[PDB]
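A lone chain, given as structure tokens: the form deposited without its partner chain.
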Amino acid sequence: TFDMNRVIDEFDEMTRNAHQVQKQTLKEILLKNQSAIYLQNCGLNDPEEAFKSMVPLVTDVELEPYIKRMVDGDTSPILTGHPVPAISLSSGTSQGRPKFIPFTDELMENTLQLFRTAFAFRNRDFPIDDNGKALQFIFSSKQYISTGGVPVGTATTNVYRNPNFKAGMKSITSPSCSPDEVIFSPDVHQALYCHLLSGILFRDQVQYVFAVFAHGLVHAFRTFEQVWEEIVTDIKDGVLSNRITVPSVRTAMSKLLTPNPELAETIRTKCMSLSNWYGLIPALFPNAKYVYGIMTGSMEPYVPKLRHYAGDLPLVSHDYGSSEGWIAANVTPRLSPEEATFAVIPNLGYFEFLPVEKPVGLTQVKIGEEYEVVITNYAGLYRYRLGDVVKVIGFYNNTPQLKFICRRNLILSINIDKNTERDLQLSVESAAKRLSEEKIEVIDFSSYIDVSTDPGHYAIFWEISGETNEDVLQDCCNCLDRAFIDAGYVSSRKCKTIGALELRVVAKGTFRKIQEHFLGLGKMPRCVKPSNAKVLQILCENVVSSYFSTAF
């Protein structure tokens, strides 16, 4: 039974005792998983001491073969003491291959604990009506079964399809406007339309608006700009647009629709009153208290447009975690996304921090210093290098408050996509075999994030060893686009939040000219940063042709 003050007091005591809770949490993780051959092979059977001397830092790549066994249905103890109920398909890759992370019942408990904690602080500073609803733009369009018989989904999908999700969120959320059939629609574009319509149908009750990521909220209302008159028509007629073809979705939404020309008129008058859609969100939902979602890190570029739609509504930052697990909660919800920091929850894992040198404990980190995060938790992860670099902004009682700084080895990112030099090189090598058919080779390559388009897209620069046809180059272009298998990139391309990959072919001698540039001053950049004007200049002025992927 949820009690706001009780929840806050519990978080307070835990963070006052963060050092002790860290140690107790490690001991419990090690007890639960002691039969895991990964742990047995380290010499485990001074528990904290033994742990740090016997267990090596490890990377996703090192864990790949172990996790592969779990995805293939091995139920003996490998990374966990008990068989996992699901596997999470993560963003990013494992050396260019799909990256999987175990999803355990404990991770579900953690999710519920963190949501409850964050809600308590948020509802303290931004109290909502408990007879209202929320507009929640969430999606779980798919969860497949591995060949070994294990469910595989994204982390959010594993959360949304958990048997404890509805009951567990009941007390610490405002009820969604959307039918479950919308959330689980196999077609996310239809789901999004229906979320928008559902929100409008209950607009007076909507207490806040949520999506996991800021770019999702922005995409939602950009979409509204396109379909608003269609929604007004659906409401006026009490008939769902023929755009919606998923039968279970049509059925569910039809129960909510009856002819309402009055509401339709209100909405039409309201939309036409806006100036370039400024303040669209509070206009549609005049009782919403805030907009909620991840506003930080890779989402920072989306905040200006989100503010535009949000008008004067507070933007509240959603918490810090990934497919690997949760780390930190926003307990200062009134702070803008620029000032937002996240307090580590001391029982969600045994956290270590590599100085940006060997790792220090949670209560050992220093204000103003940057560290790479190291995770030991209930996801089968022991001293796992997350690759996230954080800065310690301060302490909330004895737990550090963190700001995300950067992700190591990342060169290509628009929103939720994460691609490295190796991923780019692999995509190039894939697409190059279409060229090899023509006895043509890739002389060199680079790339660039083009955010002049909406949405932004990847641009790849190629110089090739000979002239070829448009069809060949079109194929190479499509292949480059499909060769990026990172789940984040694929998810965005499908949801249209990342545009068609563009292949720009440059004139012969273009890359040598870049060499000449650097030689006349005295390692080819694989993604050209916006500030690298001299290099960008040489590439752009030598583009001779341009192609856009017809994939997705």
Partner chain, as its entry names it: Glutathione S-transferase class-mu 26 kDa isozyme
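Heads up, when I say rigid core I mean the largest set of C-alphas that superpose within 1.5 Å between the two forms. Positions refer to the first chain, counted from 1.
Below: the form solved in complex with its partner chain, not depicted.
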Legend entry - Site test, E429, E437 and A551 vs its partner chain in the deposited complex, non-hydrogen atom cutoff 4.5 Å: yes
Inset, instruction - Name the residue from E441, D130, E229, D125 that puts a heavy atom within 4.5 Å of its partner chain in the deposited complex. - result: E441
Inset, instruction - Find the only residue in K433, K255, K166, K366 having a heavy atom within 4.5 Å of its partner chain in the deposited complex. - result: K433
Inset, instruction - Quick one: find which of 395-403, 338-346, 477-485, 318-326 has residues within 4.5 Å of its partner chain in the deposited complex by heavy atom distance. - result: 477-485
Inset, instruction - Examine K494 and determine whether its closest non-hydrogen atom to its partner chain in the deposited complex is within 4.5 angstroms. - result: yes
Legend entry - Entry of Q401, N330, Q207, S413 that shows, once the rigid core is matched between this form and the one not shown, a C-alpha shift of 2 Å or more: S413
Legend entry - Large Cα move at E437 between this form and the one not shown, threshold 2 Å, rigid core: yes
Inset, instruction - Answer yes if the CA of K494 moves 2 Å or more between this form and the one not shown after aligning the rigid core, and no otherwise. - result: yes
Inset, instruction - Spell out whether the Cα of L63 moves at least 2 Å between this form and the one not shown when the two forms are superposed on their rigid core. - result: no
Inset, instruction - Based on a C-alpha change of 3 angstroms or more, tell me if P455 and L135 lie closer or farther in the deposited complex than in the shown form. - result: farther
Inset, instruction - Indicate closer or farther: the Cα atoms of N415 and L63, in the deposited complex, relative to the displayed form, with a change of 3 Å or more. - result: closer
